[PDB]
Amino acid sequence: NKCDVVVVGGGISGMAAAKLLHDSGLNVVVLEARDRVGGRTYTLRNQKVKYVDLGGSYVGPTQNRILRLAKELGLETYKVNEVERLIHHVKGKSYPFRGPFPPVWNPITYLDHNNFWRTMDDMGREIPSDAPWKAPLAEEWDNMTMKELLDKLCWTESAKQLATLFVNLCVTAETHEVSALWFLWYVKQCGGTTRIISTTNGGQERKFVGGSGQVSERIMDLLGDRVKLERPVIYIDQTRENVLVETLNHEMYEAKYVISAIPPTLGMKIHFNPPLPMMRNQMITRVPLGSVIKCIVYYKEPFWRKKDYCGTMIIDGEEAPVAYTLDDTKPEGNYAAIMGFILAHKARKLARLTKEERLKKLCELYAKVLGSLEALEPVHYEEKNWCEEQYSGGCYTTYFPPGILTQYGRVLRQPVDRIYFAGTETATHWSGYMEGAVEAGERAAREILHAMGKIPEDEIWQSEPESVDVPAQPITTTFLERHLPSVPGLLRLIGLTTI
């Protein structure tokens, strides 16, 4: 019945919030819709895989909050395999390479590729992390899709195709589905293009030993019976002295404050009294989550390494079911595996097939890309379609269609009376990620601590010391990368000398 704070949702964000509040001496209850904690993280255990992340998995340098939280819980990381060459597969052929960006030889195409990535970051520098709608050209950029932006920016098909893949992979949505402003914000708030795309020195550097689901599970262990499973919240009443929160099983919870730690659109599953203010009422119908199937194919050995391939494949083209893969082999070198994502419209199209049909299409793709018949001999397969989850709505995260972020964005983490808002979608650094979940949950908890007079306004937003275990190397560019002209820039230089 009665407590200090009810947290709605037992994903990483809700669990981080609850843990902070609990450590501060308050009585907290976590109401979780599912028969498990973790949300968009899920670690499956069986004898064939030992453990496998079917949801969120990767962490890396500059993600100091998730790293600190997991270390406190007794977790360790290991490095994703990137010793050997990466592969860019374009127009039916594989081109091995090293370094984060797929290289290009054609001088015109080189200028176009260089300019695309540079311009993404240039534009991002004008967008405040904590208030993207404050960018000088916020309106113009928000009223365009990423498809429109790419059409104007990319002078070669080669750059446009790679750029399209980048968007599909970053946000599991099509270029025509998403606001240019929101996407530019999304990349900037992860530290930019290099940081977001990189394995070594980027967002995909590491995974947790034993799975990321242990973060939420081990917090649940600390909280004991304060976490209530199979308690979907259906109703929140703020008309009286104490806030009343009701679940689907008719249980009633009374609290001083509430933290909503669920995807913004999933707030629609709750009936509010009094009704939400107009801007939030409409906002929560305007913010879908992307579409992805995470697929892991198991093999007897990590055979790709013997051909000097690390397992990373960047795969261009409509025909390919998977556009991106990473080596998912255990750090011990056993349970050899390739992880791959089926993205956006392909997730919709291929969900029609059976599990066995999808396994076949993936093996046949990998055999082609890796040039290896061994790829046709899987020993096991695991997969998870996140589009089917009632209490997630999609993965990895929420995207904003054109026009929404400038009109409704300021509403996202604005408290509604005694309801405060967490969830990775409300973060200002690595929003969309486990790191953003920790930032948002802890910030929401501190907002309540301030409302109770326990801390000064000063302490609501707190910086995080850099991890000693996962240090960040700075992002650098070369003189040529900074100053080489764009394609239209070269054409004007050509017009100039005609004098």
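Residues carry their position along the shown sequence, with the first being 1.
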Read off the CA B-factors in the entry, average them over 397-405 and over 348-356, and name the higher stretch. 348-356
Which has higher Cα B-factors on average according to the PDB entry: 15-23 or 474-482? 474-482
Select one of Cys154, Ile296, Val178, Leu184: the residue whose C-alpha shows the highest B-factor in the crystal structure entry. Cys154
Ranking the modelled residues of this chain by C-alpha B-factor as given in the entry, is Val245 in the lowest, middle or highest third? highest
Could you tell me which third, lowest, middle or highest, the C-alpha B-factor of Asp53 occupies within its chain? lowest
Sorting by Cα B-factor within the chain, modelled residues only, which third would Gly290 end up in: lowest, middle or highest? lowest
Classify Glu389 as lowest, middle or highest third according to the C-alpha B-factor given in the PDB entry, relative to its own chain. middle
Chain thirds of CA B-factor: placement of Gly74: middle
